[PDB]
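Trainee: no letters, just coordinates:
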Ligand SMILES: Nc1ncnc2c1ncn2[C@@H]1O[C@H](COP(=O)(O)OP(=O)(O)OP(=O)(O)O)[C@@H](O)[C@H]1O
Ligand SMILES: Nc1ncnc2c1ncn2[C@@H]1O[C@H](COP(=O)(O)OP(=O)(O)OP(=O)(O)O)[C@@H](O)[C@H]1O
Ligand SMILES: [Mg+2]
Ligand SMILES: [Mg+2]
């Protein structure tokens, strides 16, 4: 359609006004004293959130040029959320500070491309400085502190996440979901717990618990769905001769086969429970092979070559215990070679590395947790739905922050880490004076998180920033207690990945925005 | 619909205003000091770009007559992008300068047709002068300089592109795609790397790498899809007698045949891996013939005459090594006659010459690269998606400019080449005075790129233009360092094809637009 | 620059039905020197219709060019295999145009090459086609796009009569497209 | 070795004619399966209703023109294909 074209300073002013609107919406949620934001939803009740990414996503302005600026700087929060999972408000705070100071230099005749180059140089040096300044975050206490700081100073969330990571270890998978009660709960399940219930209620060995319980049973694994009995007379008869119970994993057991198995279940000749194979195409086979390796069995399939009629006891897998309910199937201490399990988990790790989709890698990690370590579910407890949504957002932020902390270490929280990095980068120089001005605007913007935290506290950002810069090391400002002290000893830790991602994404998008001279949009 | 008709100077003024709007949007992105332009997108985030063609494409004005001028002069950037892949901002700068100076002569009573003739004569002489003034660009250093200049003074991009065409030679194919990391990466694959994975995971000889590996195997090439085993019993049996592994290329292998091949792969009688035939209708046959020629085999097809049952070892192709993964299959050192490969690549070259579609010639050149030389993929590394788009646009510009440099040579950059060409054409005369005025407006407009670069730097365009015209040869202005020197020795090279195409398309469109007297459009 | 491309004689835009007919791989063009030309109004897919024609052509030894509504399947396979085997040099290309036009220009090709069109309506069958039925041309060149017949051996009087008839159709035609096609 | 029972014949079908009469190579359905084949084995003979077995008129080693259908069965012996068909399915015998 017909375009409105704006040039130079007026375009930059409109872009900055949009960036300021988005960042003002986002940055009132920075720190422990940061407040909440109400996002009106077209469907349902308004959302009360403190995440900067949500506020950034919701912001869209009437003016087309201001909206362009808003979307461009919203990219910072979106990328910071996608990469690190936390630090979206800090990323938006850093981006606007680079933009505001970068646009001031652009207005002073400085070359914006060289300003972008200087900002990039300063941020590369800053990332190196952060990697040097980080410390490993391995003990449970530091993880609890990271989770607490990332959950808006909620100690229970941090302790719960530390417990979850201790229980599921390194290879376990932790997910967060809604809870019924008013208190957060942790549900940790080890070994295999794929969500497939019994195909028939009559298999239930313990009616009081409504759960089939098999002690040291055989496990048959068939890739194909079965409806006739004629395929498994050898297997079932040999199981009866052995006398140990049997659990059937298959694409589908129904009709004559299911009725026969139920009849023999009451008759007591065999204790057989049949549950569906977990997953779907190209996934059911993978996790069936995983179950076979864990239980020391072999999968019966047409493609592999073997047939059910020729299946024997050695083909069937073995496990210490099997528990079946309406929803889930649990296998306890599958009798399988540790070398095979480690090899399979190594293969799944290779698939993780070669995977390019988040859903795929999370599914592969879930499979790993099924094989080695465990799966933890944190049920968030809240009185209402708005409280549930806000607390779940905070718990997910804490989960991502703890994961980033174990991945890349921790640094002093409250913006102290970037203050120290900026202090250590005071000797950095570019190729010309425009690049040095860009380095200086990056270094000044590195103080924006701390200043905005303090401003959210109601204190003086300049006073506290000067006092923190006067110190050294981990000396910073606890905004919750409004007192100066060692950031690590006070338990205020930021993941190094979170800070680095915020700084990098803010710097990239902000430099690109400050390099702009013309802006083309649609007419109002 | 009802038309608004504008005559003479009113129409010319509105057309010029539209041209000025489009060219002002485009030309703020000229030179090393040229800035960026934000283009609002109806879907997604706004695009920050420095290409002139993107800005030109986005420009559409409210006024119908100004919009007519804008579209007409946007065609200059579109054609320059389609032909050379670079010089779109220079083409738009030249076009507007020819239009502005052409319309001044038209207002002074000169005959616009003779002005068009004079501009065309001057540009023909200028193209001859450029062809004479060009120098070959064959070494890697000049290629690095060309890529660096075309990537907005990004030395890493130029060096990466120079390395890419050093590795893939003249016949290789270089393409640019998104990367995951923060650094640009180069992935060069030689011989055949058609993107077809194994038809079944069970073929994998090396589970740790998840890749089937065959050492000096046979290659069967069937044009028809196969689902039964009986057709290739002679082939598989004879391969088993040979003992070497077998790789199957076919339209589709499935069902009983696939199960049989898998079972024998476990049994170890024959090491068989079957992957799908690359390409599609009328293309899959071409790729199969190329693979047969490279591997010294013959394609089994119904149309060719022979059948799979009569296929023999001499029919089957041979290769030194074969690797297969989930995605791609690579054949290393296919045992084939060099004369046959040279003949096949010559045939593909003739198909390139006879081809009229860009996609078709790109596919044929990719096939050539598969046969001779290699294929390189430049993965652009950027922190965000917007930086990804900007850097990928710059890298594609650099790739196109390096290709144009190897095709037609290089000239002094920074507008010096056109300045020198205009200096060498001061003695050019037409048939009458209107044609000489047109020649003069073309020669004056030949100084527009340098003046616009300098103006983008903030310096005085007239001062630097006079200083550059005072010099000779390759003496010009480095706008990045704001210093005078030899453009070739300073590493500022423009592809001769880029400059020639910009000048030619700008001249053609601009002369046509200055010949206009009436303008008919729809009423607002 | 403006270019002029002038093609004489018959150059209807129909390429080979199979790439394997190509005698000259460097140019990608089938080249037949003084070949027979078979012209069939019906599309063919079997082989049993032209064993007499193909065998007699192989006995003669001169190459063969087939113009037909469509040659496909077993017919193309047989002709291609015979082309590699060298028994007969056969190139089959589709008849040009469509209904009420393909017949007209096939009759034109027959007159130019001194042949007779094989059709159901005309009466004869492909099995009874003979060498005298088949047309003759001095040269034939086939590419992916165009088929060209050079110096078709045909009676001059027949050619002038046919062009006179086409001129009468031009006079009786009332549509610009029709007269353009006739010209 | 395989020999038939009662009125049945084991025949080895001849190879389909690759080339036509004039030297044209036939491929696909053009070179259709030949209906003539040499007789490999002759059964004891057809049994009549009265109980007497009369020998089949065909002889071992004689090419016979036979009819494909439900009567003929394609068995494999020593990786080779043999047609087992009733003597009634044998239309003719090829001599000279
Ligand atoms: N008690 C505290 N004293 C000082 N700084 C604190 C305190 N608690 C948290 N912070 C700091 O608050 C900063 C950001 O907090 P917050 O969780 O609001 O934002 P974020 O992680 O950048 O974004 P998000 O809104 O997406 O969670 C961190 O740098 C952290 O160190
Ligand atoms: N350091 C430099 N000093 C002088 N001139 C330079 C320098 N770097 C680049 N140039 C000149 O800038 C001109 C155009 O640069 P630019 O890449 O912005 O535009 P373009 O190639 O015309 O178009 P596009 O915007 O489509 O890439 C070229 O003529 C080139 O010689
Ligand atoms: Mg947070
Ligand atoms: Mg360029």
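Mentor: Received, thanks. Numbers count the residues shown, from 1 in each chain, chains lettered A, B, ... in the order given. Ligands and ions are numbered 1, 2, ... in the order given.
Trainee: OK, contacts around the closest residue in space to residue A:490 that isn't next to it in sequence?
Mentor: Nearest-residue entry for residue A:490: residue A:478, 5.1 Å, with adjacent residues in sequence omitted and distances by Cβ to Cβ, 6 or more residues apart in numbering or on different chains. Quick note: C-beta positions are derived from backbone N, CA and C, even for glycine. By Cβ atoms under 8 Å, 6 or more residues apart in numbering or on different chains, the contact list for residue A:478 reads A:414, A:484, A:485, A:487, A:490, A:492.
Trainee: what pairs with residue A:478 across the strands?
Mentor: With DSSP bridges as the criterion, residue A:478 is bridged to residue A:483.
Trainee: quick check: it vs residue A:23, distance?
Mentor: 25 Å (Cβ to Cβ, to the nearest Å).
Trainee: over to residue A:299?
Mentor: In terms of Cβ to Cβ, residue A:299 sits 55 Å off from residue A:23.
Trainee: and for residue A:511?
Mentor: In terms of Cβ to Cβ, residue A:511 sits 16 Å off from residue A:23.
Trainee: when the two are compared, which one has more neighbours?
Mentor: More crowded of residue A:511 and residue A:23, by other Cβ atoms under 10 Å in any protein chain shown: residue A:23, with 32 against 29.
Trainee: my guess is that one contacts residue A:92. True?
Mentor: Yes. Residue A:23 sits in contact with residue A:92 when judged by Cβ atoms under 8 Å, with a separation of 5.3 Å.
Trainee: now do the shared contacts for the two.
Mentor: Joint contacts of residue A:23 and residue A:92 (Cβ under 8 Å, 6+ apart) are residue A:73.
Trainee: list the contacts for residue 74?
Mentor: Using chain A here. Residue A:74 neighbours (Cβ under 8 Å, 6+ apart): A:22, A:56, A:57, A:59, B:45.
Trainee: to clarify, I was referring to chain D.
Mentor: Contacts of residue D:74 (Cβ under 8 Å, 6+ apart): D:81, D:82, D:83.
Trainee: could you pull up phi and psi at the residue most central in space within chain D?
Mentor: Centroid check for chain D by Cα atoms, centre = their mean gives residue D:11 as the closest residue, at 3.6 Å. Dihedral pair for residue D:11: phi -130, psi 140, per degrees, to the nearest 10.
Trainee: buried residues of stretch A:18-30, list them for me.
Mentor: Within stretch A:18-30, the residues scored as buried using 16 or more other Cβ atoms under 10 Å in any protein chain shown are A:18, A:19, A:20, A:21, A:22, A:23, A:25, A:26, A:27, A:28, A:29, A:30.
Trainee: and that stretch with ligand 1, contact?
Mentor: Yes. Using Cβ under 6 Å from any ligand atom, we find that stretch A:18-30 touches ligand 1 at A:29, A:30.
Trainee: please compute how far that stretch lies from its chain's middle.
Mentor: 24 Å (Cα atoms, centre = their mean, to the nearest Å).
Trainee: what about the most centrally placed residue in chain A, distance to residue C:75?
Mentor: Of all residues in chain A, the one closest to the mean position by Cα atoms, centre = their mean is residue A:400, 4.8 Å from it. Counting by Cβ to Cβ, the gap from residue A:400 to residue C:75 is 68 Å.
Trainee: so which bits of chain D are right by ligand 3?
Mentor: By Cβ under 5 Å from the ion, no part of chain D sits against ligand 3.
Trainee: so who does the residue nearest to the centre of chain D touch?
Mentor: Contacts of residue D:11 (Cβ under 8 Å, 6+ apart): D:37, D:38, D:39, D:40, D:64, D:66, D:82, D:83, D:84, D:85.
Trainee: could you do residue A:118 as well?
Mentor: A:430, A:434, A:435, A:436, A:437, A:438, A:439, A:440, A:441, A:442 are the contacts of residue A:118 under Cβ under 8 Å, 6+ apart.
Trainee: out of the contacts of residue A:478, which end up buried?
Mentor: A:414, A:484, A:487, A:490, A:492.
Trainee: which pair in those spans the largest distance?
Mentor: Among those, the pair separated by the greatest distance (Cβ to Cβ) is A:484 and A:492, at 11.7 Å.
Trainee: who touches both of the two?
Mentor: Counting by Cβ under 8 Å, 6+ apart, the residues touching both residue A:484 and residue A:492 are A:476, A:478.
Trainee: and for residue A:235, nearest residue in space, chain neighbours not counted?
Mentor: That would be residue A:311: by Cβ to Cβ, 6+ apart, it lies 4.9 Å from residue A:235.
Trainee: next: residue A:346.
Mentor: Ranked by Cβ to Cβ, 6+ apart and with sequence neighbours excluded, the top spatial neighbour of residue A:346 is residue B:208, at 7.2 Å.
Trainee: got it, and residue A:110?
Mentor: Per Cβ to Cβ, 6+ apart, closest to residue A:110 is residue A:434, 4.6 Å.
Trainee: for residue A:278, same thing?
Mentor: Counting by Cβ to Cβ, 6+ apart, the residue nearest residue A:278 is residue A:194, at 3.6 Å.
Trainee: that neighbour - that's part of a helix, no?
Mentor: No. Residue A:194 is assigned coil when assessed by DSSP: H, G, I helix; E, B strand; the rest coil, not a helix.
Trainee: OK, contacts around it?
Mentor: By Cβ under 8 Å, 6+ apart, the neighbours of residue A:194 are A:278, A:279, A:287, A:291, A:328, A:329, A:370.
Trainee: relative to the whole chain's centre, how far out is the host helix or strand of residue A:417?
Mentor: Per DSSP states H and E, residue A:417 falls inside helix A:416-424. Helix A:416-424 sits 27 Å away from the centroid of its parent chain (Cα atoms, centre = their mean).
Trainee: who are the packing partners of it?
Mentor: helix A:112-133, helix A:448-457, helix A:461-470, strand A:475-478, helix A:496-514 (3 or more Cβ pairs under 8 Å, 6 or more residues apart in numbering or on different chains; DSSP states H and E).
Trainee: so residue A:331 sits in a strand?
Mentor: Yes. Judged by three-state DSSP, residue A:331 forms part of a strand.
Trainee: now it: how far from chain C?
Mentor: For residue A:331, the distance to chain C equals 58 Å [Cβ to the nearest Cβ, to the nearest Å].
Trainee: how about that residue: what's its closest non-neighbour residue?
Mentor: residue A:192 (4.3 Å).
Trainee: turn the helices and strands packed on helix A:416-424 into CSV, including distance to ligand 4.
Mentor: Shown next, in CSV, are these (distance: least, Cβ to the ion, whole Å):
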stretch, distance to ligand 4
helix A:112-133, 14
helix A:448-457, 35
helix A:461-470, 43
strand A:475-478, 47
helix A:496-514, 18
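Trainee: go ahead and confirm the residue nearest to residue A:110 touches residue A:114.
Mentor: Yes. Counting by Cβ under 8 Å, residue A:434 sits close enough to residue A:114 to count as a contact (3.5 Å).
Trainee: sounds good, over and out.
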